[PDB]
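Consider the single chain below, provided in structure tokens and representing the form deposited in one PDB entry.
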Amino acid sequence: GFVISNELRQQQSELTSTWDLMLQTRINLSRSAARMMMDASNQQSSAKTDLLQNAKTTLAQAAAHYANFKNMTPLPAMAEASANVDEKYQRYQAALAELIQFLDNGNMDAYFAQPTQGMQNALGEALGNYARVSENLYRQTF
């Protein structure tokens, strides 16, 4: 709007948007899957459905919020360094989304053994690179 940081809060602290909704979809999936183990009988097994559909929407919302950080970068400068931040986004997005198919489908054993914490971890690392090399940097250089 005004220069950087006006366009950077709405941009990387709007990037903080995607990371909470992707983690949210993680909590919502393992509330869904625990109830799927209840299914052999009913007493509250019932919420499962609702949490899976509404797991799918937080990973949606993440996507769209990501779509502004994309449709907001005409930027680079930090360029291919934080291009990794943009690629591993896609990597976790993809994990979580398979975790929906799997669950959605009935495949619990890959649900449980698909190593989600790692695609996650990478993106922690990746946005966690960006803010460093935004913060100490466009100050030292502009």
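Residues carry their position along the shown sequence, with the first being 1. For clarity, a rigid core is taken as the largest C-alpha set superposing within 1.5 Å between two forms.
One more form of this protein should be noted, the form deposited in another entry, which is absent from this view; the next part is about it.
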| note | A Cα shift of 2 Å or more between this form and the one not shown, after fitting the rigid core, is seen among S82, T58, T116, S32 only at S82
| query | Using the core for the fit, does the CA position of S41 change by 2 Å or more between this form and the one not shown? | reply | yes
| request: Have a look at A47 and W19: in the other entry, are their Cα atoms closer together or farther apart than in this form, given the change is 3 Å or more? | output: farther
| in the other entry, whether the C-alpha atoms of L23 and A47 sit closer or farther than here (change of 3 Å or more) | farther
